[PDB]
$ cat final-v6.pdb   # PDB, C-alpha atoms
ATOM      1  CA  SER U  29      74.340 114.084  92.029  1.00  0.00           C
ATOM      2  CA  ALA U  30      75.779 112.685  95.246  1.00  0.00           C
ATOM      3  CA  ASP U  31      74.632 109.111  94.609  1.00  0.00           C
ATOM      4  CA  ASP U  32      76.061 109.366  91.098  1.00  0.00           C
ATOM      5  CA  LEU U  33      79.418 110.285  92.639  1.00  0.00           C
ATOM      6  CA  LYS U  34      79.204 107.306  94.990  1.00  0.00           C
ATOM      7  CA  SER U  35      78.482 105.157  91.936  1.00  0.00           C
ATOM      8  CA  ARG U  36      81.594 106.370  90.120  1.00  0.00           C
ATOM      9  CA  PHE U  37      83.746 105.281  93.100  1.00  0.00           C
ATOM     10  CA  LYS U  38      82.788 101.635  93.631  1.00  0.00           C
ATOM     11  CA  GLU U  39      85.334  98.874  94.162  1.00  0.00           C
ATOM     12  CA  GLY U  40      87.071  97.867  90.948  1.00  0.00           C
ATOM     13  CA  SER U  41      86.581 101.252  89.279  1.00  0.00           C
ATOM     14  CA  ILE U  42      89.282 103.778  88.401  1.00  0.00           C
ATOM     15  CA  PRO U  43      88.314 107.481  88.341  1.00  0.00           C
ATOM     16  CA  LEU U  44      89.161 110.112  85.733  1.00  0.00           C
ATOM     17  CA  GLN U  45      89.892 113.828  85.906  1.00  0.00           C
ATOM     18  CA  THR U  46      86.188 114.579  85.402  1.00  0.00           C
ATOM     19  CA  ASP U  47      85.367 112.934  88.737  1.00  0.00           C
ATOM     20  CA  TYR U  48      87.939 115.074  90.531  1.00  0.00           C
ATOM     21  CA  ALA U  49      86.757 118.187  88.693  1.00  0.00           C
ATOM     22  CA  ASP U  50      83.196 117.515  89.858  1.00  0.00           C
ATOM     23  CA  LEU U  51      84.460 116.904  93.402  1.00  0.00           C
ATOM     24  CA  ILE U  52      86.244 120.251  93.592  1.00  0.00           C
ATOM     25  CA  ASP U  53      83.255 121.914  91.912  1.00  0.00           C
ATOM     26  CA  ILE U  54      81.280 120.705  94.924  1.00  0.00           C
ATOM     27  CA  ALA U  55      82.390 123.524  97.228  1.00  0.00           C
TER      28      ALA U  55
ATOM     29  CA  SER R  29      85.855 113.311 111.914  1.00  0.00           C
ATOM     30  CA  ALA R  30      88.168 115.430 109.777  1.00  0.00           C
ATOM     31  CA  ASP R  31      91.388 114.256 111.434  1.00  0.00           C
ATOM     32  CA  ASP R  32      90.423 110.614 110.986  1.00  0.00           C
ATOM     33  CA  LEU R  33      89.363 111.548 107.454  1.00  0.00           C
ATOM     34  CA  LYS R  34      92.747 112.746 106.241  1.00  0.00           C
ATOM     35  CA  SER R  35      94.349 110.029 108.336  1.00  0.00           C
ATOM     36  CA  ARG R  36      93.227 107.671 105.565  1.00  0.00           C
ATOM     37  CA  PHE R  37      94.811 109.851 102.867  1.00  0.00           C
ATOM     38  CA  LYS R  38      98.339 109.546 104.255  1.00  0.00           C
ATOM     39  CA  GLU R  39     101.276 108.985 101.927  1.00  0.00           C
ATOM     40  CA  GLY R  40     101.740 105.400 100.809  1.00  0.00           C
ATOM     41  CA  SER R  41      98.063 104.489 101.182  1.00  0.00           C
ATOM     42  CA  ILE R  42      95.388 103.219  98.824  1.00  0.00           C
ATOM     43  CA  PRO R  43      92.107 104.821  99.928  1.00  0.00           C
ATOM     44  CA  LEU R  44      89.111 102.513  99.895  1.00  0.00           C
ATOM     45  CA  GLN R  45      85.702 103.299  98.444  1.00  0.00           C
ATOM     46  CA  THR R  46      84.403 104.032 101.944  1.00  0.00           C
ATOM     47  CA  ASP R  47      86.802 106.964 102.316  1.00  0.00           C
ATOM     48  CA  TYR R  48      85.491 108.364  99.043  1.00  0.00           C
ATOM     49  CA  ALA R  49      81.983 107.806 100.406  1.00  0.00           C
ATOM     50  CA  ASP R  50      82.569 109.999 103.451  1.00  0.00           C
ATOM     51  CA  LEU R  51      84.326 112.489 101.170  1.00  0.00           C
ATOM     52  CA  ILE R  52      81.141 112.882  99.142  1.00  0.00           C
ATOM     53  CA  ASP R  53      79.155 112.904 102.388  1.00  0.00           C
ATOM     54  CA  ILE R  54      80.957 115.910 103.870  1.00  0.00           C
ATOM     55  CA  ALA R  55      80.708 117.873 100.614  1.00  0.00           C
TER      56      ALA R  55
ATOM     57  CA  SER P  29      92.146 128.495  94.422  1.00  0.00           C
ATOM     58  CA  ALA P  30      89.734 125.989  92.911  1.00  0.00           C
ATOM     59  CA  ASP P  31      91.188 125.924  89.399  1.00  0.00           C
ATOM     60  CA  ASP P  32      94.676 125.384  90.821  1.00  0.00           C
ATOM     61  CA  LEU P  33      93.265 122.281  92.505  1.00  0.00           C
ATOM     62  CA  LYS P  34      91.728 121.255  89.182  1.00  0.00           C
ATOM     63  CA  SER P  35      95.039 121.622  87.345  1.00  0.00           C
ATOM     64  CA  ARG P  36      96.806 119.669  90.083  1.00  0.00           C
ATOM     65  CA  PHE P  37      94.319 116.826  89.535  1.00  0.00           C
ATOM     66  CA  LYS P  38      94.553 117.285  85.751  1.00  0.00           C
ATOM     67  CA  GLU P  39      95.260 114.037  83.879  1.00  0.00           C
ATOM     68  CA  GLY P  40      98.865 112.897  84.155  1.00  0.00           C
ATOM     69  CA  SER P  41      99.667 114.926  87.261  1.00  0.00           C
ATOM     70  CA  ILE P  42     100.933 113.120  90.356  1.00  0.00           C
ATOM     71  CA  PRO P  43      98.703 113.989  93.340  1.00  0.00           C
ATOM     72  CA  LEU P  44     100.256 114.415  96.763  1.00  0.00           C
ATOM     73  CA  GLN P  45      98.730 114.041 100.208  1.00  0.00           C
ATOM     74  CA  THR P  46      98.986 117.821 100.488  1.00  0.00           C
ATOM     75  CA  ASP P  47      96.524 118.157  97.596  1.00  0.00           C
ATOM     76  CA  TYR P  48      94.148 115.807  99.383  1.00  0.00           C
ATOM     77  CA  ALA P  49      94.653 117.966 102.479  1.00  0.00           C
ATOM     78  CA  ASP P  50      93.357 121.044 100.663  1.00  0.00           C
ATOM     79  CA  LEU P  51      90.549 118.924  99.225  1.00  0.00           C
ATOM     80  CA  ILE P  52      89.481 117.922 102.737  1.00  0.00           C
ATOM     81  CA  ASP P  53      89.814 121.371 104.290  1.00  0.00           C
ATOM     82  CA  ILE P  54      87.830 122.970 101.463  1.00  0.00           C
ATOM     83  CA  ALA P  55      84.829 120.998 102.704  1.00  0.00           C
TER      84      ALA P  55
ATOM     85  CA  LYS S 882     105.600 120.687 102.453  1.00  0.00           C
ATOM     86  CA  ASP S 883     105.072 116.971 101.929  1.00  0.00           C
ATOM     87  CA  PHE S 884     108.201 116.413 104.014  1.00  0.00           C
ATOM     88  CA  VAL S 885     106.779 118.570 106.803  1.00  0.00           C
ATOM     89  CA  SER S 886     103.455 116.727 106.765  1.00  0.00           C
ATOM     90  CA  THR S 887     104.982 113.258 106.859  1.00  0.00           C
ATOM     91  CA  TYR S 888     107.533 114.326 109.489  1.00  0.00           C
ATOM     92  CA  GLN S 889     104.860 115.681 111.818  1.00  0.00           C
ATOM     93  CA  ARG S 890     102.781 112.532 111.312  1.00  0.00           C
ATOM     94  CA  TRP S 891     105.746 110.260 112.010  1.00  0.00           C
ATOM     95  CA  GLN S 892     106.619 112.247 115.119  1.00  0.00           C
ATOM     96  CA  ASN S 893     103.244 112.327 116.837  1.00  0.00           C
ATOM     97  CA  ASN S 894     102.940 108.662 115.907  1.00  0.00           C
ATOM     98  CA  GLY S 895     105.782 108.192 118.387  1.00  0.00           C
ATOM     99  CA  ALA S 896     108.624 108.098 115.837  1.00  0.00           C
ATOM    100  CA  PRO S 897     108.045 104.419 114.961  1.00  0.00           C
ATOM    101  CA  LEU S 898     109.765 102.394 112.258  1.00  0.00           C
ATOM    102  CA  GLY S 899     107.578 101.975 109.200  1.00  0.00           C
ATOM    103  CA  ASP S 900     106.449 103.460 105.917  1.00  0.00           C
ATOM    104  CA  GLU S 901     106.181 106.780 107.736  1.00  0.00           C
ATOM    105  CA  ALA S 902     109.831 106.308 108.682  1.00  0.00           C
ATOM    106  CA  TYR S 903     110.899 104.841 105.340  1.00  0.00           C
ATOM    107  CA  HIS S 904     109.512 107.711 103.278  1.00  0.00           C
ATOM    108  CA  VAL S 905     111.521 110.160 105.390  1.00  0.00           C
ATOM    109  CA  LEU S 906     114.508 107.838 104.988  1.00  0.00           C
ATOM    110  CA  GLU S 907     114.236 107.934 101.201  1.00  0.00           C
ATOM    111  CA  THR S 908     113.626 111.686 101.313  1.00  0.00           C
ATOM    112  CA  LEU S 909     116.987 112.244 103.041  1.00  0.00           C
ATOM    113  CA  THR S 910     118.380 109.923 100.311  1.00  0.00           C
ATOM    114  CA  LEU S 911     120.374 107.583 102.510  1.00  0.00           C
ATOM    115  CA  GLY S 912     118.308 104.368 102.378  1.00  0.00           C
ATOM    116  CA  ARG S 913     115.188 102.737 100.955  1.00  0.00           C
ATOM    117  CA  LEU S 914     112.806  99.844 101.596  1.00  0.00           C
ATOM    118  CA  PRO S 915     110.374  99.776  98.662  1.00  0.00           C
ATOM    119  CA  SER S 916     107.110  98.035  99.502  1.00  0.00           C
ATOM    120  CA  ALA S 917     105.128  95.923  97.033  1.00  0.00           C
ATOM    121  CA  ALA S 918     102.456  98.558  96.431  1.00  0.00           C
ATOM    122  CA  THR S 919     102.019 102.063  95.003  1.00  0.00           C
ATOM    123  CA  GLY S 920     100.920 104.704  97.488  1.00  0.00           C
ATOM    124  CA  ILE S 921      99.647 108.257  97.212  1.00  0.00           C
ATOM    125  CA  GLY S 922     103.174 109.573  96.654  1.00  0.00           C
ATOM    126  CA  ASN S 923     103.197 108.568  92.978  1.00  0.00           C
ATOM    127  CA  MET S 924      99.986 107.922  91.013  1.00  0.00           C
ATOM    128  CA  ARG S 925      99.744 108.849  87.353  1.00  0.00           C
ATOM    129  CA  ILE S 926      96.164 109.477  86.211  1.00  0.00           C
ATOM    130  CA  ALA S 927      95.075 107.177  83.403  1.00  0.00           C
ATOM    131  CA  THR S 928      93.371 108.034  80.114  1.00  0.00           C
ATOM    132  CA  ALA S 929      89.881 106.913  79.100  1.00  0.00           C
ATOM    133  CA  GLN S 930      91.266 104.253  76.764  1.00  0.00           C
ATOM    134  CA  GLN S 931      93.279 103.059  79.756  1.00  0.00           C
ATOM    135  CA  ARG S 932      89.939 102.649  81.538  1.00  0.00           C
ATOM    136  CA  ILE S 933      88.528 100.645  78.643  1.00  0.00           C
ATOM    137  CA  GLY S 934      91.704  98.558  78.637  1.00  0.00           C
ATOM    138  CA  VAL S 935      91.518  97.674  82.319  1.00  0.00           C
ATOM    139  CA  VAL S 936      87.756  97.095  82.383  1.00  0.00           C
ATOM    140  CA  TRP S 943      89.285  94.024  85.235  1.00  0.00           C
ATOM    141  CA  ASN S 944      92.823  93.944  83.831  1.00  0.00           C
ATOM    142  CA  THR S 945      95.259  94.174  86.743  1.00  0.00           C
ATOM    143  CA  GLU S 946      98.405  93.843  84.626  1.00  0.00           C
ATOM    144  CA  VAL S 947      97.960  97.239  82.968  1.00  0.00           C
ATOM    145  CA  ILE S 948      97.240  98.729  86.409  1.00  0.00           C
ATOM    146  CA  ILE S 949     100.546  97.464  87.766  1.00  0.00           C
ATOM    147  CA  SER S 950     102.209  98.409  84.473  1.00  0.00           C
ATOM    148  CA  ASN S 951     101.338 102.114  84.482  1.00  0.00           C
ATOM    149  CA  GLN S 952     100.987 102.784  88.250  1.00  0.00           C
ATOM    150  CA  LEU S 953      97.398 103.995  88.032  1.00  0.00           C
ATOM    151  CA  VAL S 954      94.650 104.539  90.586  1.00  0.00           C
ATOM    152  CA  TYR S 955      93.599 101.247  92.169  1.00  0.00           C
ATOM    153  CA  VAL S 956      90.628 100.299  94.321  1.00  0.00           C
TER     154      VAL S 956
ATOM    155  CA  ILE W 686     102.445  93.762 119.827  1.00  0.00           C
ATOM    156  CA  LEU W 687     102.084  94.708 116.155  1.00  0.00           C
ATOM    157  CA  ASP W 688     100.126  97.654 114.757  1.00  0.00           C
ATOM    158  CA  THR W 689      99.192  98.455 111.175  1.00  0.00           C
ATOM    159  CA  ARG W 690      99.345 102.195 111.836  1.00  0.00           C
ATOM    160  CA  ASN W 691     103.053 101.874 110.985  1.00  0.00           C
ATOM    161  CA  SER W 692     102.553 100.014 107.677  1.00  0.00           C
ATOM    162  CA  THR W 693      99.650  99.709 105.227  1.00  0.00           C
ATOM    163  CA  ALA W 694     100.618  96.154 104.227  1.00  0.00           C
ATOM    164  CA  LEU W 695      99.073  94.643 107.349  1.00  0.00           C
ATOM    165  CA  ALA W 696      96.030  96.866 106.828  1.00  0.00           C
ATOM    166  CA  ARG W 697      95.637  95.341 103.360  1.00  0.00           C
ATOM    167  CA  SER W 698      96.483  91.705 104.178  1.00  0.00           C
ATOM    168  CA  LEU W 699      95.178  91.139 107.712  1.00  0.00           C
ATOM    169  CA  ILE W 700      92.511  88.879 106.201  1.00  0.00           C
ATOM    170  CA  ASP W 701      95.237  86.982 104.351  1.00  0.00           C
ATOM    171  CA  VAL W 702      97.357  86.428 107.457  1.00  0.00           C
ATOM    172  CA  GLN W 703      94.218  85.359 109.333  1.00  0.00           C
ATOM    173  CA  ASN W 704      93.598  82.696 106.685  1.00  0.00           C
ATOM    174  CA  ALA W 705      97.273  81.697 106.752  1.00  0.00           C
ATOM    175  CA  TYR W 706      96.981  81.093 110.493  1.00  0.00           C
ATOM    176  CA  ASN W 707      93.742  79.185 109.893  1.00  0.00           C
ATOM    177  CA  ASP W 708      95.536  76.781 107.556  1.00  0.00           C
TER     178      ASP W 708
ATOM    179  CA  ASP J 622     101.814  80.204 117.914  1.00  0.00           C
ATOM    180  CA  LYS J 623      98.719  82.050 119.136  1.00  0.00           C
ATOM    181  CA  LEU J 624      97.608  85.356 117.645  1.00  0.00           C
ATOM    182  CA  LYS J 625      94.533  87.527 118.099  1.00  0.00           C
ATOM    183  CA  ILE J 626      93.306  90.639 116.298  1.00  0.00           C
ATOM    184  CA  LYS J 627      91.797  93.445 118.377  1.00  0.00           C
ATOM    185  CA  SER J 628      90.529  96.863 117.261  1.00  0.00           C
ATOM    186  CA  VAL J 629      91.356  99.947 119.347  1.00  0.00           C
ATOM    187  CA  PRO J 630      88.290 102.066 120.241  1.00  0.00           C
ATOM    188  CA  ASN J 631      87.557 105.639 119.139  1.00  0.00           C
ATOM    189  CA  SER J 632      89.406 104.888 115.879  1.00  0.00           C
ATOM    190  CA  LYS J 633      89.762 102.202 113.232  1.00  0.00           C
ATOM    191  CA  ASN J 634      93.454 101.263 113.220  1.00  0.00           C
ATOM    192  CA  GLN J 635      94.036  97.575 113.754  1.00  0.00           C
ATOM    193  CA  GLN J 636      96.183  96.019 116.488  1.00  0.00           C
ATOM    194  CA  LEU J 637      97.650  92.559 115.898  1.00  0.00           C
ATOM    195  CA  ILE J 638      98.941  90.436 118.782  1.00  0.00           C
ATOM    196  CA  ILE J 639     101.272  87.426 118.648  1.00  0.00           C
ATOM    197  CA  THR J 640     102.784  85.091 121.236  1.00  0.00           C
ATOM    198  CA  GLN J 641     105.347  82.314 120.893  1.00  0.00           C
TER     199      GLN J 641
END

$ encode --input "final-v6.pdb" --output "structure tokens"
Amino acid sequence: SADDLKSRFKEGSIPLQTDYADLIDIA
Amino acid sequence: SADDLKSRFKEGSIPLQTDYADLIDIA
Amino acid sequence: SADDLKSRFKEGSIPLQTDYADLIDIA
Amino acid sequence: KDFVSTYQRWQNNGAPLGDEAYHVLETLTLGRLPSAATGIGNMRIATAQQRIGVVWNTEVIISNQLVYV
Amino acid sequence: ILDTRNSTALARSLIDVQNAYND
Amino acid sequence: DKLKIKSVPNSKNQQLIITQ
């Protein structure tokens, strides 16, 4: 979900390739 | 806007969580 | 294509501001 | 491609002297002014155990040049 | 006349230089 | 000796002034 994706990108966090995969899957 | 949006993603930058927030917002 | 973008964000790869440019313009 | 993007950006910026200029400088391999940071140009993507190591350990972040927020 | 459009360091540490001026 | 920080409109980039 969108709010989930906002949650995975808060200050102090470091994303993984799954986050980017989900981002590009949102198209 | 889009131009301001990829203004933040210029070389040598560290995007903040807000930029990611608008990135989820547009998608 | 989408999976090219995935493989460019695949773990260990060095992203470039060009890749972010395609990410923005996809949306 | 990256060169073209940064060159166009530097030019419509007014051709100023800065990181936009210094990246072009290093690209033509005749000078460098490394800044105390790690920009988009070089960011390895960390493993999950790297995530568990940092979670907030800054020293590993600066050690492996990972994504920082 | 300084602008941070020509370097991200000021963009990151403008708060810090503000405090440095304060003290 | 005197500095002020002023934000340009229609964008977010930050303009720093200094006098001496």

$ calpha_fit_and_write --input "final-v6.pdb" --fixed "chain R" --moving "chain P" --output "mmCIF file with C-alpha atoms, in the frame of the given file"
data_model
loop_
_atom_site.group_PDB
_atom_site.id
_atom_site.type_symbol
_atom_site.label_atom_id
_atom_site.label_comp_id
_atom_site.auth_asym_id
_atom_site.auth_seq_id
_atom_site.Cartn_x
_atom_site.Cartn_y
_atom_site.Cartn_z
ATOM 1 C CA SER P 29 86.244 113.009 111.979
ATOM 2 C CA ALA P 30 88.229 115.203 109.607
ATOM 3 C CA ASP P 31 91.708 114.228 110.790
ATOM 4 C CA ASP P 32 90.804 110.543 110.506
ATOM 5 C CA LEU P 33 90.012 111.249 106.856
ATOM 6 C CA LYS P 34 93.351 113.041 106.544
ATOM 7 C CA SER P 35 95.261 110.089 107.997
ATOM 8 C CA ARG P 36 93.385 107.711 105.704
ATOM 9 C CA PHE P 37 94.549 109.803 102.731
ATOM 10 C CA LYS P 38 98.030 110.137 104.266
ATOM 11 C CA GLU P 39 100.837 109.212 101.854
ATOM 12 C CA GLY P 40 101.211 105.474 101.346
ATOM 13 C CA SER P 41 97.719 104.578 102.533
ATOM 14 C CA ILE P 42 95.418 102.666 100.189
ATOM 15 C CA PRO P 43 92.138 104.589 99.774
ATOM 16 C CA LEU P 44 88.884 102.680 99.495
ATOM 17 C CA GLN P 45 85.593 103.670 97.904
ATOM 18 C CA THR P 46 84.221 103.938 101.436
ATOM 19 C CA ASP P 47 86.668 106.780 102.123
ATOM 20 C CA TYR P 48 85.474 108.530 98.981
ATOM 21 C CA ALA P 49 81.927 107.946 100.240
ATOM 22 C CA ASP P 50 82.630 109.908 103.420
ATOM 23 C CA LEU P 51 84.398 112.537 101.321
ATOM 24 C CA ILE P 52 81.269 112.977 99.201
ATOM 25 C CA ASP P 53 78.791 112.954 102.079
ATOM 26 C CA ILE P 54 80.839 115.505 104.024
ATOM 27 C CA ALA P 55 80.000 117.994 101.279
#

$ resolve_selection --input "final-v6.pdb" --expression "the PyMOL selection byres ((chain S and resi 888) around 12)" --output "number ranges by chain"
R: 38-39; S: 882-887, 889-897, 900-906, 908-909

$ write_last_selection --input "final-v6.pdb" --atoms "C-alpha atoms" --output "tab-separated table (two decimals), in the coordinates of the input"
chain	number	residue	atom	x	y	z
R	38	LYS	CA	98.34	109.55	104.26
R	39	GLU	CA	101.28	108.98	101.93
S	882	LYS	CA	105.60	120.69	102.45
S	883	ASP	CA	105.07	116.97	101.93
S	884	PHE	CA	108.20	116.41	104.01
S	885	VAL	CA	106.78	118.57	106.80
S	886	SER	CA	103.46	116.73	106.76
S	887	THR	CA	104.98	113.26	106.86
S	889	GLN	CA	104.86	115.68	111.82
S	890	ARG	CA	102.78	112.53	111.31
S	891	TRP	CA	105.75	110.26	112.01
S	892	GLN	CA	106.62	112.25	115.12
S	893	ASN	CA	103.24	112.33	116.84
S	894	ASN	CA	102.94	108.66	115.91
S	895	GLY	CA	105.78	108.19	118.39
S	896	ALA	CA	108.62	108.10	115.84
S	897	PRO	CA	108.04	104.42	114.96
S	900	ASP	CA	106.45	103.46	105.92
S	901	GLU	CA	106.18	106.78	107.74
S	902	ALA	CA	109.83	106.31	108.68
S	903	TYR	CA	110.90	104.84	105.34
S	904	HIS	CA	109.51	107.71	103.28
S	905	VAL	CA	111.52	110.16	105.39
S	906	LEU	CA	114.51	107.84	104.99
S	908	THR	CA	113.63	111.69	101.31
S	909	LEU	CA	116.99	112.24	103.04

$ resolve_selection --input "final-v6.pdb" --expression "the PyMOL selection byres ((chain W and resi 697-707) around 10)" --output "list in words"
residues 41 and 42 of chain R; 689, 692, 693, 694, 695, 696 and 708 of chain W; 622, 623, 624, 625, 626, 635 and 637 of chain J

$ interface_residues --input "final-v6.pdb" --of "chain R" --to "chain U" --cutoff "9 Å" --atoms "only C-alpha atoms" --output "number ranges by chain"
R: 44-46, 48-49, 51-53, 55

$ closest_atom_pairs --input "final-v6.pdb" --of "chain S" --to "chain P" --cutoff "7 Å" --atoms "only C-alpha atoms" --output "JSON lines"
{"residue": "S:883", "atom": "CA", "partner": "P:46", "partner_atom": "CA", "distance": 6.3}
{"residue": "S:921", "atom": "CA", "partner": "P:44", "partner_atom": "CA", "distance": 6.2}
{"residue": "S:922", "atom": "CA", "partner": "P:44", "partner_atom": "CA", "distance": 5.7}
{"residue": "S:923", "atom": "CA", "partner": "P:42", "partner_atom": "CA", "distance": 5.7}
{"residue": "S:924", "atom": "CA", "partner": "P:42", "partner_atom": "CA", "distance": 5.3}
{"residue": "S:925", "atom": "CA", "partner": "P:40", "partner_atom": "CA", "distance": 5.2}
{"residue": "S:926", "atom": "CA", "partner": "P:40", "partner_atom": "CA", "distance": 4.8}
{"residue": "S:927", "atom": "CA", "partner": "P:39", "partner_atom": "CA", "distance": 6.9}

$ write_last_selection --input "final-v6.pdb" --atoms "C-alpha atoms" --output "mmCIF file, in the coordinates of the input"
data_model
loop_
_atom_site.group_PDB
_atom_site.id
_atom_site.type_symbol
_atom_site.label_atom_id
_atom_site.label_comp_id
_atom_site.auth_asym_id
_atom_site.auth_seq_id
_atom_site.Cartn_x
_atom_site.Cartn_y
_atom_site.Cartn_z
ATOM 1 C CA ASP S 883 105.072 116.971 101.929
ATOM 2 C CA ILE S 921 99.647 108.257 97.212
ATOM 3 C CA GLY S 922 103.174 109.573 96.654
ATOM 4 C CA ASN S 923 103.197 108.568 92.978
ATOM 5 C CA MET S 924 99.986 107.922 91.013
ATOM 6 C CA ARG S 925 99.744 108.849 87.353
ATOM 7 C CA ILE S 926 96.164 109.477 86.211
ATOM 8 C CA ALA S 927 95.075 107.177 83.403
#

$ atom_distance --input "final-v6.pdb" --atom1 "CA of residue 639 (chain J)" --atom2 "CA of residue 915 (chain S)"
25.2 Å

$ interface_residues --input "final-v6.pdb" --of "chain J" --to "chain R" --cutoff "12 Å" --atoms "all atoms listed in the file" --output "PyMOL selection string"
chain J and resi 631-634

$ atom_distance --input "final-v6.pdb" --atom1 "CA of residue 952 (chain S)" --atom2 "CA of residue 933 (chain S)"
15.9 Å

$ atom_distance --input "final-v6.pdb" --atom1 "CA of residue 948 (chain S)" --atom2 "CA of residue 688 (chain W)"
28.5 Å

$ residues_near_point --input "final-v6.pdb" --point "(92.5, 97.4, 89.9)" --cutoff "6 Å" --atoms "only C-alpha atoms" --output "PDB file with C-alpha atoms, in the coordinates of the input"
ATOM      1  CA  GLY U  40      87.071  97.867  90.948  1.00  0.00           C
TER       2      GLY U  40
ATOM      3  CA  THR S 945      95.259  94.174  86.743  1.00  0.00           C
ATOM      4  CA  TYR S 955      93.599 101.247  92.169  1.00  0.00           C
ATOM      5  CA  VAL S 956      90.628 100.299  94.321  1.00  0.00           C
TER       6      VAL S 956
END

$ build_atoms --input "final-v6.pdb" --residues "region 39-51 of chain R" --atoms "N, CA, C and O atoms" --output "mmCIF file, keeping the file's coordinate frame"
data_model
loop_
_atom_site.group_PDB
_atom_site.id
_atom_site.type_symbol
_atom_site.label_atom_id
_atom_site.label_comp_id
_atom_site.auth_asym_id
_atom_site.auth_seq_id
_atom_site.Cartn_x
_atom_site.Cartn_y
_atom_site.Cartn_z
ATOM 1 N N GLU R 39 100.391 109.449 102.987
ATOM 2 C CA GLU R 39 101.276 108.985 101.927
ATOM 3 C C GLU R 39 101.469 107.480 102.022
ATOM 4 O O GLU R 39 101.541 106.910 103.113
ATOM 5 N N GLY R 40 101.546 106.830 100.864
ATOM 6 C CA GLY R 40 101.740 105.400 100.809
ATOM 7 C C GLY R 40 100.483 104.574 100.959
ATOM 8 O O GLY R 40 100.580 103.345 101.063
ATOM 9 N N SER R 41 99.313 105.197 100.972
ATOM 10 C CA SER R 41 98.063 104.489 101.182
ATOM 11 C C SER R 41 97.288 104.344 99.881
ATOM 12 O O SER R 41 97.511 105.070 98.910
ATOM 13 N N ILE R 42 96.380 103.380 99.874
ATOM 14 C CA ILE R 42 95.388 103.219 98.824
ATOM 15 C C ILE R 42 94.014 103.406 99.452
ATOM 16 O O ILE R 42 93.493 102.505 100.111
ATOM 17 N N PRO R 43 93.412 104.582 99.304
ATOM 18 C CA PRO R 43 92.107 104.821 99.928
ATOM 19 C C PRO R 43 91.055 103.864 99.393
ATOM 20 O O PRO R 43 91.025 103.546 98.202
ATOM 21 N N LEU R 44 90.189 103.403 100.287
ATOM 22 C CA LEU R 44 89.111 102.513 99.895
ATOM 23 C C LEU R 44 87.907 103.323 99.423
ATOM 24 O O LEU R 44 87.882 104.554 99.498
ATOM 25 N N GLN R 45 86.898 102.614 98.920
ATOM 26 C CA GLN R 45 85.702 103.299 98.444
ATOM 27 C C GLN R 45 84.942 103.955 99.587
ATOM 28 O O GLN R 45 84.239 104.948 99.372
ATOM 29 N N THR R 46 85.072 103.421 100.801
ATOM 30 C CA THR R 46 84.403 104.032 101.944
ATOM 31 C C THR R 46 84.924 105.437 102.200
ATOM 32 O O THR R 46 84.143 106.351 102.491
ATOM 33 N N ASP R 47 86.242 105.632 102.108
ATOM 34 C CA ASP R 47 86.802 106.964 102.316
ATOM 35 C C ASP R 47 86.230 107.949 101.309
ATOM 36 O O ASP R 47 85.845 109.067 101.669
ATOM 37 N N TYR R 48 86.149 107.537 100.045
ATOM 38 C CA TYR R 48 85.491 108.364 99.043
ATOM 39 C C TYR R 48 84.041 108.623 99.421
ATOM 40 O O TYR R 48 83.513 109.710 99.173
ATOM 41 N N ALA R 49 83.381 107.634 100.027
ATOM 42 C CA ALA R 49 81.983 107.806 100.406
ATOM 43 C C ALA R 49 81.828 108.919 101.433
ATOM 44 O O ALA R 49 80.991 109.815 101.272
ATOM 45 N N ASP R 50 82.634 108.890 102.498
ATOM 46 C CA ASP R 50 82.569 109.999 103.451
ATOM 47 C C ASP R 50 83.020 111.310 102.823
ATOM 48 O O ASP R 50 82.541 112.379 103.221
ATOM 49 N N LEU R 51 83.928 111.260 101.848
ATOM 50 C CA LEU R 51 84.326 112.489 101.170
ATOM 51 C C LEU R 51 83.155 113.128 100.436
ATOM 52 O O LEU R 51 82.985 114.351 100.473
#
